[PDB]
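*Asks:* Enclosed are the sequence and the experimentally obtained structure.
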2 protein chains.
Amino acid sequence: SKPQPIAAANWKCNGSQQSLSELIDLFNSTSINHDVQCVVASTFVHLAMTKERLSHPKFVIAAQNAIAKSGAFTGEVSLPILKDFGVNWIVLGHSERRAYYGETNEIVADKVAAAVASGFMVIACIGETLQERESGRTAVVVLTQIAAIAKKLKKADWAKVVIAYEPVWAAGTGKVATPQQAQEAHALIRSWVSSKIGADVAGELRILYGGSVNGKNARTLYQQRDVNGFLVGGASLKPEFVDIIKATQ
Amino acid sequence: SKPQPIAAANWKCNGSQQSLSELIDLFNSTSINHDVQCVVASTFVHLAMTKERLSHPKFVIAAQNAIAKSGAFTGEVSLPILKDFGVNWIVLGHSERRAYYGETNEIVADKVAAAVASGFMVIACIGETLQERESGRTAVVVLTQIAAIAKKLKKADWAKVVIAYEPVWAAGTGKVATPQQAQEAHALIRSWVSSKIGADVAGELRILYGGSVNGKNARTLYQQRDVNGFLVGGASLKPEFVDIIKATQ
């Protein structure tokens, strides 16, 4: 059957000390009855107030990005800094960083591999653009992305790896992927992992969907076979995120 | 006479909660009896712990980078988020960001303008590479960098602007610029500001030198007429930074 579902919150570059406090207080008041790993990925700045205020036992804290090593990299944050700060989860290879901030398939693969070695739980992001999908290159783009990541990983590493399939055309556009569209892609990814790494890993691997997930469409999306949770953007800054957590059965 | 000197600490991508705490305690114990603005630029992660422990009345806290607006930019920190966090100083356009993270002259300029418009005090970094200096391209390179910035600025904006001249061949290499090397570049930069923006702005403008600045060489460096302080990297992670503060006479 399905492995433990994951309800990850990608706040991206948003939030004030007051606004995020209210969300955290709400998350702390929420009664979650089923086995699901809730994840809050705030900015580096808000990591401190989140570490202190978030007390719900099913919630963990993540960073939204990092680099491999500490050193002469002004503006950046490294994995050892995050590990020293008590952060054990991290989102890597998001479409916004692939597009805006020059993170190729290999650069993402190196970051994921370096995070796994450091002991991080990694939410690795893959997905095609509207341009790539219409040109019939969804499969060759997504599989190439995860293949690059897989190339720098050992079989034992995948226990600390979570794939977040996020079609760029669904990223905060309102154009949520059809339950079949999400299922068909997740099935393809899981099929690839089963053939190249192992059927056991593919069974344990958790493939999340990201792309305009909200309280209305979450339940029917998770009802699909190869959907193991969500990476939520816009709706994670709202009380609506609770419904998405509940939508993980 | 010179404008109010500035001793800025660029910790870059370094530091643990422990190591930085001890360093701040030292900065807090430091006796400073002359008018100088001391600046601590930590990673986004360490901003909170720096904001709670840094106490010296001549010290302010800065960020090492930011994007203009909040929104769908995973892994990044925006200016409104920083301002909400009580951080009002910021380092922008560092050579490491210009090289590694696609920060062109116009990207840097737009960031500075947005920061100034947000009420930030800005340390804007410019500097040529070694190969550019050997080919005699120093003047055209650095003055184009500051011209791009000046393009998006009004005359009154320069009160919230600080220029840090940092030759790339001196950045964390140990190859510090000679006293006359720094003076020539700073005289060139100031002369440009005088002609293109105004002599009054140029007089009040503070031009800091960065690049292998330590406790030993900082004294003779500040003696130069157009050196108004320092932006320190490696030595800022050391007790040596204390001497660099006093080196501003």
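*Replies:* Received the coordinates, thanks. Residues are numbered from 1 along each chain as shown, chains lettered A, B, ... in the order given.
*Asks:* all helices in chain A, in order from the N-terminus.
*Replies:* A:17-29, A:47-53, A:79-84, A:95-100, A:105-117, A:130-134, A:138-151, A:179-196, A:199-204, A:218-222, A:241-246 (DSSP state H).
*Asks:* what about those, which gets the closest to chain B?
*Replies:* helix A:47-53 (3.6 Å; CB to the nearest CB). Every C-beta, even on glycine, is put in place using the N, C-alpha and C of the backbone.
*Asks:* Send me that closest one as PDB with only the CA atoms.
*Replies:* Extracted in PDB, the C-alpha atoms of helix A:47-53 (Å, rounded to 0.1, in the frame of the first residue of the first chain):
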ATOM      1  CA  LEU A  47      13.500  29.600  10.600                       C
ATOM      2  CA  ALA A  48      14.200  30.800  14.100                       C
ATOM      3  CA  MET A  49      10.600  31.900  15.000                       C
ATOM      4  CA  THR A  50       9.300  28.700  13.500                       C
ATOM      5  CA  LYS A  51      11.700  26.500  15.500                       C
ATOM      6  CA  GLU A  52      10.400  28.200  18.600                       C
ATOM      7  CA  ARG A  53       6.700  28.500  18.000                       C
END
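*Asks:* buried set for it?
*Replies:* A:47-50, A:53 (16 or more other CB atoms under 10 Å in any protein chain shown).
*Asks:* Ok, stretch A:112-120 next?
*Replies:* Judged by neighbour count using 16+ other CB under 10 Å, the buried positions of stretch A:112-120 are A:112-116, A:118, A:120.
*Asks:* Including distance to chain B, could these go into a markdown table?
*Replies:* Output for the buried residues of stretch A:112-120, formatted as a markdown table (distance: CB to the nearest CB, whole Å):
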| residue | distance to chain B |
| --- | --- |
| A:112 | 14 |
| A:113 | 18 |
| A:114 | 14 |
| A:115 | 13 |
| A:116 | 18 |
| A:118 | 14 |
| A:120 | 15 |
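*Asks:* Present the residues you listed as a markdown table; the columns should include distance to residue A:244.
*Replies:* As requested, the buried residues of stretch A:112-120 are exported to a markdown table (distance: CB to CB, whole Å):
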| residue | distance to residue A:244 |
| --- | --- |
| A:112 | 25 |
| A:113 | 30 |
| A:114 | 30 |
| A:115 | 25 |
| A:116 | 27 |
| A:118 | 29 |
| A:120 | 24 |
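*Asks:* nearest to residue A:88, of the residues you listed?
*Replies:* residue A:120 (6.3 Å; CB to CB).
*Asks:* Just give the nearest non-adjacent residue to the closest one, would you?
*Replies:* Leaving aside its chain neighbours, residue A:120 sits nearest to residue A:90 (5.1 Å; criterion: CB to CB, 6 or more residues apart in numbering or on different chains).
*Asks:* If residue A:6 is in a bridge, with which residues?
*Replies:* Residues in a beta bridge with residue A:6, per DSSP bridges, are residue A:37, residue A:229.
*Asks:* Look at it and say how many residues are nearby.
*Replies:* For residue A:6, the count of nearby residues is 24 (other CB atoms under 10 Å in any protein chain shown).
*Asks:* again, but for residue A:225
*Replies:* With other CB under 10 Å as criterion, residue A:225 counts 11.
*Asks:* What residues does it make contact with?
*Replies:* Taking CB atoms under 8 Å, 6 or more residues apart in numbering or on different chains as the contact definition, residue A:225 lies against A:183, A:186-187.
*Asks:* Any of those buried? List them.
*Replies:* With neighbours counted by 16+ other CB under 10 Å, these contain buried members at A:183, A:186.
*Asks:* Can I get the contacts of residue A:225 in CSV including distance to residue B:79?
*Replies:* Shown next, in CSV, are the contacts of residue A:225 (distance: CB to CB, whole Å):
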residue, distance to residue B:79
A:183, 41
A:186, 37
A:187, 42
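*Asks:* possible to save the contacts of residue A:225 as TSV with distance to chain B?
*Replies:* Shown next, in TSV, are the contacts of residue A:225 (distance: CB to the nearest CB, whole Å):
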residue	distance to chain B
A:183	25
A:186	21
A:187	26
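*Asks:* residues touching the closest residue in space to residue A:79 that isn't next to it in sequence, list them.
*Replies:* Using CB to CB, 6+ apart and skipping residues adjacent in sequence, the residue nearest residue A:79 is residue A:118, 4.7 Å away. Each residue near residue A:118 by CB under 8 Å, 6+ apart is listed here: A:79-80, A:83.
*Asks:* Most neighbours of all these, which one?
*Replies:* Of all the contacts of residue A:118, the most densely surrounded is residue A:79 (23 neighbours; neighbours counted as other CB under 10 Å).
*Asks:* for it, what are its contacts?
*Replies:* Neighbour list for residue A:79: A:66-69, A:90, A:114-115, A:118, A:120 [criterion: CB under 8 Å, 6+ apart].
*Asks:* so what's the residue nearest in space to the middle of chain A bridging to?
*Replies:* Nearest to the mean C-alpha position of chain A, by CA atoms, centre = their mean, lies residue A:123 at 4.1 Å. With DSSP bridges applied, residue A:123 shows beta-bridge pairing to residue A:91, residue A:162.
*Asks:* Help me confirm that it comes into contact with residue A:231.
*Replies:* Yes: judged on CB atoms under 8 Å, residue A:123 makes contact with residue A:231 at a distance of 6.6 Å.
*Asks:* who touches both of those two?
*Replies:* Counting by CB under 8 Å, 6+ apart, the residues touching both residue A:123 and residue A:231 are A:8, A:91, A:164, A:208.
*Asks:* Report the two of the residues you listed separated the most.
*Replies:* Once CB to CB is applied, those give A:91 and A:208 as the farthest pair, at 10.5 Å.
*Asks:* which residues do these two both contact?
*Replies:* Residues touching both residue A:91 and residue A:208 by CB under 8 Å, 6+ apart: A:8, A:123, A:164, A:231.
*Asks:* from these, which would you call buried?
*Replies:* The buried subset of the shared contacts of residue A:91 and residue A:208 (16+ other CB under 10 Å) comprises A:8, A:123, A:164, A:231.
*Asks:* thought the first one was touching residue A:208?
*Replies:* Yes: using CB under 8 Å, residue A:8 is in contact with residue A:208, at 6.6 Å.
*Asks:* so what's in contact with the two at the same time?
*Replies:* A:123, A:164, A:229-231.
*Asks:* From the residues you listed, pick the one nearest chain B.
*Replies:* Among these, and counting by CB to the nearest CB, the member closest to chain B is residue A:231, at 10.1 Å.
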